[PDB]
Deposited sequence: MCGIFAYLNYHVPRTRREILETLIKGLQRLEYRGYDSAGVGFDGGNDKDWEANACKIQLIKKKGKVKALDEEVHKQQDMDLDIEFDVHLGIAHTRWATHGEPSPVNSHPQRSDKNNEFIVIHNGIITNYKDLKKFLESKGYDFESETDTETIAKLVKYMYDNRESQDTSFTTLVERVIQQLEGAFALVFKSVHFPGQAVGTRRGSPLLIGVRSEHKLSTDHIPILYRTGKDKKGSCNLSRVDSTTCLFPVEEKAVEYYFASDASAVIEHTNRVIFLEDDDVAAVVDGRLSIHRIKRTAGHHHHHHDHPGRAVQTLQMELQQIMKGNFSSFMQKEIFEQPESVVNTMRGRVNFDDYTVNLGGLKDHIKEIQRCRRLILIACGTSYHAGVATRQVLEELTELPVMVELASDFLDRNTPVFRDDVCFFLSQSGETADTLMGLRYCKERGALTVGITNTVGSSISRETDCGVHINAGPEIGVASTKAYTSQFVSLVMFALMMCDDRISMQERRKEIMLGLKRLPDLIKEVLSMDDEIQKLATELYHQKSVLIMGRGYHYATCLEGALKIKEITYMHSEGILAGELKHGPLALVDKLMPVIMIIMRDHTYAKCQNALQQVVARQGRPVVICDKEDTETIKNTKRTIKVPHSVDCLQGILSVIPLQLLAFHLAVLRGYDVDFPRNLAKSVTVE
């Protein structure tokens, strides 16, 4: 679910320049949802733009944004030549987790057949049923099955029952949000208020970009209960409502990050907040594929760089020092606690499984790793002396965020491992670490996993920096981190060999990925990737659990991938490999280069370079990232837009 609108005040833009800016913004947000899309702009074909703000046009269509960009064009009624000196256009791409992704269920919604109020909504209204009944009794007919329509039919109810003839648009929206429950990020547009936009939020992101060749009046809009942000001397200004910074960085790097219950409004081209204007620390290059055919491919092959950015200014190899600035004012108190709890979903949960063993080694504390959804279902006991970690690339996952607030209520020290500054999880955690992996566009997490991995390793290195007995072990790990980027490059150089393997598996229905110890997480994450983008039925199986049932599923026809690395479980893994073979299995073994024994007795082997036992998981998962990528291409699927879902689960 993404939001984008374009308000050009006294900046002449033709109807083709605004429609091509609305679509260009949705593409920046398409990875957050691509089941449907829509736009809402001014209609009418009058040369004088002032005689057209009373007619609203909605173009919504099923499919990605490319299905909408083609529905906007080749229209016989919309003349794409009218010059608009003041105009407001709202757009929205939708992740349809329920119901059909039909044009009626897409946004912007409408309050009536004449489109007096259209709204784009991100989130859920937890009481849209009671609001739908109240509105149906007063004489409002509903058309869609979404919860967003109860916001459009309600802003018109506050307008049809206003006390004065000139009630500000803010007042109409302020009365609506007072009847809306749950979370929402809204951007309204009405014919009665031509050119005026209103942007309120509550538990959902929403920022306002600004671009103007003229000086701005202030650099800190004062909240209300010498006041508005507007260009000095002249009126030319361009605003960019958006639920993300990627859709705004392309045009400007001056945004206003609203807060919960802040009702922003642009009236006569002046932005006022009812109830900061900072620069963005992002470059446009960070959200571009570059020379890669897909964001996922880029983000996999850039892992040597993102790993380095994660350690930048934090790891000093000349003296073997680890300093995480985000934990400077808390590391001492974290060490007085008695238990570590890692809470996350999906791939972020796998990062905790991947580092659980080393955290237990270097901190000597119990480490519990919990899936957020199940953590909440069970009402897990949490205590004042627990340290609870929350791994979230987006920093907005609903279940992970609920676990955070759950633990905070019980007095635990909360730590965030996030990749999005200013995100809910990052803000509401007591402390934490920004993994500095850069924007992740592909739906499937690749560099986020390995960067979370490295981040939790550095934390462990801090927790034992005062133990004489562990000094040697710390050097081993840190030397491994120094060599890790180049070893990742060595793994990426086997891309062709991985692609060849994919041609031998793309036709199969299932594949079992097996590992243990440090590589339990590897086979779980690999099985998840193959599920998500190739749609093969891949399942991770703890190697030690084969003999207890799952081994019965193995025969000469069942594809099997095993991970056998040079650590303390090598012998146990060799035993599991012998089991798979005795059952007639013909497995592909991800093993170490020097592992001559395995390489000789196995036809298909992916030989990764050696590393420290607690870092090898980073090198063993990358082949599975690549394998899923190639399998998806062979089966004819888009690796950046897998089916049935999108990126970041910000609604439960």
task = Give the ranges of the deposited sequence, numbered from 1, for which the structure holds no C-alpha coordinates, in sequence order.
result = 1, 227-243, 294-310
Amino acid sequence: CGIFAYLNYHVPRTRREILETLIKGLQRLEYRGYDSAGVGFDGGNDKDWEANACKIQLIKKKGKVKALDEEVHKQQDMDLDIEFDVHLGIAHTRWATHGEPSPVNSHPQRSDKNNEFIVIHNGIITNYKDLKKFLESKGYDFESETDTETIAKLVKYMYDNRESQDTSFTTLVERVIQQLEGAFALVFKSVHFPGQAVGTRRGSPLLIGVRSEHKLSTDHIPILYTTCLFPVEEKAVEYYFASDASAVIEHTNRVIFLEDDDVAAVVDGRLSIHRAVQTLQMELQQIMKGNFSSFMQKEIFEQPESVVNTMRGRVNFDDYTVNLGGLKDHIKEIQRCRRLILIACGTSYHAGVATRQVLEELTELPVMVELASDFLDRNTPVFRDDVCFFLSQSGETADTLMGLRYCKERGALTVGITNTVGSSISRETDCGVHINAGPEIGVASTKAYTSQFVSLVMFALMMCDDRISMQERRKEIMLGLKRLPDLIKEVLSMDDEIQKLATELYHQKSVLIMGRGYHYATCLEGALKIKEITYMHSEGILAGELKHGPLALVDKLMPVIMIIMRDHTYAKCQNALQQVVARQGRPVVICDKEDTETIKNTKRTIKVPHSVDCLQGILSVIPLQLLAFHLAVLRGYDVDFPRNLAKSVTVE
From here on, numbers count along this sequence of modelled residues.
message = Regarding 611-619 and 593-601, which shows the higher C-alpha temperature factor on average in the entry?
response = 593-601
request  = Could you settle it for me: does 443-451 or 184-192 have the higher average Cα B factor in the PDB entry?
outcome  = 184-192
ask   = Can you tell me which of 421, 543, 152, 536 has the highest Cα temperature factor in the record?
value = 152
remark   = The largest CA temperature factor among 349, 295, 225, 317 is found at 225
note = Chain thirds by Cα B factor, record data; residue 33 belongs to the middle
request  = Divide the modelled residues of the chain into thirds by Cα B-factor and specify which third, lowest, middle or highest, holds residue 22.
outcome  = highest
key: residue 11, C-alpha B-factor rank within chain (lowest, middle or highest third)   = highest
query = Which third of the chain does residue 95 land in by C-alpha B-factor: lowest, middle or highest?
reply = middle
request  = Consider only the C-alpha atoms of the modelled residues in this chain, order them by B-factor as the entry records it, and name the third containing residue 549: lowest, middle or highest.
outcome  = lowest
